[PDB]
Amino acid sequence: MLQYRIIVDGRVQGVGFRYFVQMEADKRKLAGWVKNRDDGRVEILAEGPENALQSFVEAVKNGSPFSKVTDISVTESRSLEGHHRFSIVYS
């Protein structure tokens with residue numbers, strides 16, 4: 001299994017981006033979190049098998065049905081923190 005952190009920018013807020021990422025993690029049974037930052041970026045942390053994890057990132061490149069991503073970045077860790085579920089958060 002693999003962990004990613006993802007950061008996203010563009011038309012990526014006020015579209016349900018948190019909700020769409022939550023269900024896109026859920027439909028792969030990933031675990032992790034999503035937040036949508038005051039600085040304008042989305043931030044995500046996700047954990048799962050690397051193929052599903054990559055496919056989830058490929059979906060994040062689209063964003064919501066209403067997004068226009070203009071930049072995306074990824075970081076990784078070859079060991080998990082071990083999240084139990086995938087959650088929208090605001091911290």
# chains A, B, ... in the order shown; residues from 1 in each chain; ligands from 1
$ select_by_dssp --residues "stretch 2-90 of chain A" --states "strand (DSSP E)" --output "number ranges by chain"
A: 2-11, 31-36, 42-48, 68-77, 86-88
$ closest_atom_pairs --of "stretch 66-90 of chain A" --to "stretch 48-58 of chain A" --cutoff "10 Å" --atoms "only C-alpha atoms" --output "tab-separated table"
residue	atom	partner	partner_atom	distance
A:72	CA	A:57	CA	9.3
A:73	CA	A:57	CA	9.8
A:74	CA	A:57	CA	8.7
A:78	CA	A:50	CA	9.9
A:80	CA	A:48	CA	8.7
A:82	CA	A:48	CA	9.4
A:83	CA	A:48	CA	9.6
$ residues_around --residues "residue A:39" --least-positions-apart "3" --cutoff "12 Å" --atoms "only C-alpha atoms" --output "list in words"
residues 7, 8, 9, 10, 12, 13, 35, 36, 42 and 43 of chain A
$ write_last_selection --atoms "C-alpha atoms" --output "PDB file, in the first residue's frame"
ATOM      1  CA  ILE A   7      -2.225  19.830  -3.726  1.00  0.00           C
ATOM      2  CA  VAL A   8      -4.458  21.302  -6.496  1.00  0.00           C
ATOM      3  CA  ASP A   9      -5.153  24.826  -7.897  1.00  0.00           C
ATOM      4  CA  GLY A  10      -7.498  26.396 -10.507  1.00  0.00           C
ATOM      5  CA  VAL A  12     -11.283  24.189  -7.691  1.00  0.00           C
ATOM      6  CA  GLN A  13     -13.511  25.823  -4.987  1.00  0.00           C
ATOM      7  CA  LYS A  35      -9.727  20.058   2.694  1.00  0.00           C
ATOM      8  CA  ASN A  36     -10.190  23.199   0.561  1.00  0.00           C
ATOM      9  CA  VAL A  42      -7.284  22.017  -2.505  1.00  0.00           C
ATOM     10  CA  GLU A  43      -5.233  19.686  -0.294  1.00  0.00           C
TER      11      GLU A  43
END
$ residues_around --residues "residue A:85" --least-positions-apart "3" --cutoff "10 Å" --atoms "only C-alpha atoms" --output "VMD selection string"
chain A and resid 25 to 26 29 to 33 46 to 47 82
$ atom_distance --atom1 "atom CA of residue A:20" --atom2 "atom CA of residue A:77"
23.8 Å
$ select_by_dssp --residues "chain A" --states "alpha helix (DSSP H)" --output "list in words"
residues 17, 18, 19, 20, 21, 22, 23, 24, 25, 26, 50, 51, 52, 53, 54, 55, 56, 57, 58, 59, 60, 61 and 62 of chain A
$ atom_distance --atom1 "atom CA of residue A:63" --atom2 "atom CA of residue A:79"
26.4 Å
$ residues_around --residues "residue A:44" --least-positions-apart "6" --cutoff "6 Å" --atoms "only C-alpha atoms" --output "list in words"
residues 5, 6, 33 and 34 of chain A
$ closest_residue --among "A:90, A:84, A:3, A:64" --to "residue A:16" --atoms "only C-alpha atoms"
A:64
$ atom_distance --atom1 "atom CA of residue A:11" --atom2 "atom CA of residue A:75"
21.6 Å
